[PDB]
S.K.: 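Structure incoming, see below.
We count ligands from 1, going down the list as the structure has it; atoms in each ligand are counted the same way. Residue numbering restarts at 1 for every chain, and letters A, B, ... go by the order of the sequence lines.
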Amino acid sequence: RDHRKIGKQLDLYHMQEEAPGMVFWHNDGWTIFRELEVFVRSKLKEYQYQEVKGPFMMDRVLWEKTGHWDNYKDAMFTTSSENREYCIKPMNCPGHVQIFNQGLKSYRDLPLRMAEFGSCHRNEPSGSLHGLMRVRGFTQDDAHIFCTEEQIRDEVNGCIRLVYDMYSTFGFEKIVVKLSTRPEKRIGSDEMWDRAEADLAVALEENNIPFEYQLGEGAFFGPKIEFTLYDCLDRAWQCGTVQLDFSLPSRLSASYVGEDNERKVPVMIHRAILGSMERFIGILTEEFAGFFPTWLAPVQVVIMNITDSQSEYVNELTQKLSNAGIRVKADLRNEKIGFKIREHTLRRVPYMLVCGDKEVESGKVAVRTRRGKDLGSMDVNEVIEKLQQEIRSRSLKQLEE
Amino acid sequence: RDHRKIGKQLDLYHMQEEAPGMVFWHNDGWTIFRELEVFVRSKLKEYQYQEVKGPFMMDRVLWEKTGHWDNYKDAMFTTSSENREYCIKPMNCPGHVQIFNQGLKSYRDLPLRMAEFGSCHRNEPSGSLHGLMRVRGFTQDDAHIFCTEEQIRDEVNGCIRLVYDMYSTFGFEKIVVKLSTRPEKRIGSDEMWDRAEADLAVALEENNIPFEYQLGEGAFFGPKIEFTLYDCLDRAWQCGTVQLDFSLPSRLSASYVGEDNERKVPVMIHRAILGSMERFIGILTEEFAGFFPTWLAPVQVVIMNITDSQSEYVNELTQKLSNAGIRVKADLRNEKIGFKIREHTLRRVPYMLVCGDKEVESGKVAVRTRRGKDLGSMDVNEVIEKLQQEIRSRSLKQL
Ligand SMILES: Nc1ncnc2c1ncn2[C@@H]1O[C@H](COP(=O)(O)OP(=O)(O)OP(=O)(O)O)[C@@H](O)[C@H]1O
Ligand SMILES: Nc1ncnc2c1ncn2[C@@H]1O[C@H](COP(=O)(O)OP(=O)(O)OP(=O)(O)O)[C@@H](O)[C@H]1O
Ligand SMILES: [Mg+2]
Ligand SMILES: [Mg+2]
Ligand SMILES: [Mg+2]
Ligand SMILES: [Mg+2]
Ligand SMILES: [Zn+2]
Ligand SMILES: [Zn+2]
């Protein structure tokens, strides 16, 4: 049930000591990663987010200005060029503010929602590293919303709504919500912290979401709503996060022209829905025990012959399913079909299509699933249509399941 | 036609002194980048490439094994953690070999084609930096092909075919090819360099490609075919490249079980088709003067109302085009229609749809282009279909 064991069995990724906490994504794990990006992007479109890309590193001077240097230096990787020191970014917020700061902004531009699949590096103590769930290089499905104070309620509500909308696709039954309050080391006044923490609490109450406080776990610049998911040992992992920030835009000289023609500082909401792709894939792997929903499955269909007699027909069906957009592979090896089926079951391939002479003559396929079910013979075109529907709806459940 | 001025005018990206040579991709520039990735991914499905992702940093010891720490040192960003030294990767090859080395490989797995949109960082001298063309952090449409000696000819041919295939989509008329031979600092024996250089020259001749030698410009591990594209000032920029490598696989302990059941070392072909996304976008921006073909345009369609009476219709049209897969925006601002049209024309939006009362009553739309052509009233579904055909085919010219 451990995602590290399942990841090896399905050849999803590996890690090695030449790059501690750094993931090597193999083809099949990168397929899952990419499908999750496509899913997130479909939500970015619906909820009207920009998508940007900030640089990997920036001058230490800028990280000093935010307060990251004093409050985050231990976790930061640094490098140098031509007598200047750079920080590899542990967070995407300063880069998004650099983009916001190009060009004059008006209240008419707000709320401005700016998303990034943002690569973060944090020098986590090597003793704390754990598979995909705690790594040193990870990719957040991050975004920063620049808004007015009057827009905070609506924008925080929109993030909360987005979290439950995305999580319902995966069928999560245990989502534990925490409000992380001010940490001992922080910037911003007590009055600003009281306001930000109340805003989050009222937003959760308004959505009728039960939660508990988590004292001292907020960011150095603002409080957080945390959406907690659980692994196979029922350990709590922080995934989704909504953060309210009255401090960083001021520190980074962000402003916009208000209705009054006065210069104003935007509020910034930070949020990640999945958290990081790495930690979320870890959670999905354990939650599903490697039985990824068909739309996520690295290989959705394997087509297999009984003998070389049906090998041409298998090759035609494989091209046909591939042209219909299905991740399909042919298994033409000189092995018994029971052997093949057991192997692709261990690989958690949703569907196995067996082609005997009966199947070749009729243009049909015998359908087996990774759950051990025999689904009988079906017409090829009906199978394709059913798989396409299963994939496009991102269905959690297989045919006749 | 300088891509840096166009990039500012169209809000594609920016750069600043807090990160020399590092691009901040804005929404519209990042849209072009992502469409190029979609295009590349479509071609690699066709040619049966895997797609992977390696880590950003690995131990200095690994870069010593490859010979990079000695042949590539001062060009590399280095960092530390818990008394170990790491290199931010300047190339993707060692990571791809690490993935190849996971699990027993046989001749049945070859050729194994492994692609990555590989983020590279190189400490280029700050005085050499230029716009998007020469940056310190960039993304290569990289791949490594592991193959046998007998498979070299076919695999190099496939890379050359891929370059001309993908470049024809953009209509490039000037593609100059170079063969870069052994540099002063290299790994691998002279006989291996003789054979690698001959293999690439034969490949170019067999593909009917006139080329010029570039003595001493090969990679430290092997010679390269370089595909050169030219900017507005006719400066030469290396974009696509094919590199033949008989030495890195052995240094990194790559092997496969041959048909005879003995251990053998694969040959590696390195190749990038576009080169880097940053540099290729720079070239495209100058080549098209910011009039990106519709399939690449950050915003493909803007729909505007003349008065508030049509605002509802414009919103229904906008949702309909967006559901048909078109990058479309509604412009409902309290501005004169002639102000709105000019704004989106200057932003080089391919198609502008104007809705007055007669368009609403008829279920039609008045269509004009960024070049000033007035297409008149058209049926909505006719516009969507023509737009979809222009995008699906990645057509260079409009309606
Ligand atoms: N080391 C890490 N490995 C993997 N994912 C991470 C890591 N650190 C953070 N994330 C993910 O990024 C999200 C947003 O980042 P944030 O700065 O809020 O995390 P965090 O509070 O430091 O997390 P944690 O308490 O788990 O260390 C987290 O909710 C988590 O999903
Ligand atoms: N500093 C850079 N900025 C942008 N793109 C680059 C840069 N260096 C290399 N590339 C791109 O990556 C491709 C493959 O990398 P490779 O190591 O072969 O380049 P290169 O020979 O060092 O390039 P150049 O001669 O332009 O310095 C190049 O052909 C080019 O398109
Ligand atoms: Mg942390
Ligand atoms: Mg935390
Ligand atoms: Mg170079
Ligand atoms: Mg060169
Ligand atoms: Zn942030
Ligand atoms: Zn390489």
S.K.: Suppose we only allow N, O or S atoms; which atom of A/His270 ends up nearest to the Zn ion (ligand 7)?
M.R.: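 Nearest N/O/S atom of A/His270: ND1.
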S.K.: Which atoms form the tightest heavy-atom contact between A/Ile273 and A/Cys159, and what is the distance?
M.R.: CD1-O, 4.2 Å
S.K.: Taking backbone and side chain together, does A/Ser180 place any N/O/S atom at a distance below 2.8 Å from the Mg ion (ligand 4)?
M.R.: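 No, since none of the N, O or S atoms of A/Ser180 sits under 2.8 Å from the Mg ion (ligand 4).
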S.K.: One thing to verify: whether A/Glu217 and A/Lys178 come together as a salt bridge, which I'm taking to mean a side-chain N less than 4.0 angstrom from a carboxylate O.
M.R.: no
S.K.: Taking the side chain from A/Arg279 and the backbone from A/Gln238, do they hold a donor-acceptor pair closer than 3.5 Å?
M.R.: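 Checked: pair present.
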S.K.: Calculate the angle formed at the Zn ion (ligand 7) by SG in A/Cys93 and NE2 in A/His144; 10° precision is enough.
M.R.: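 My answer is 110°, to the nearest 10°.
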S.K.: State, without any angle test, whether A/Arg161 and A/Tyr47 hold a side-chain donor-acceptor pair at a distance under 3.5 Å.
M.R.: no
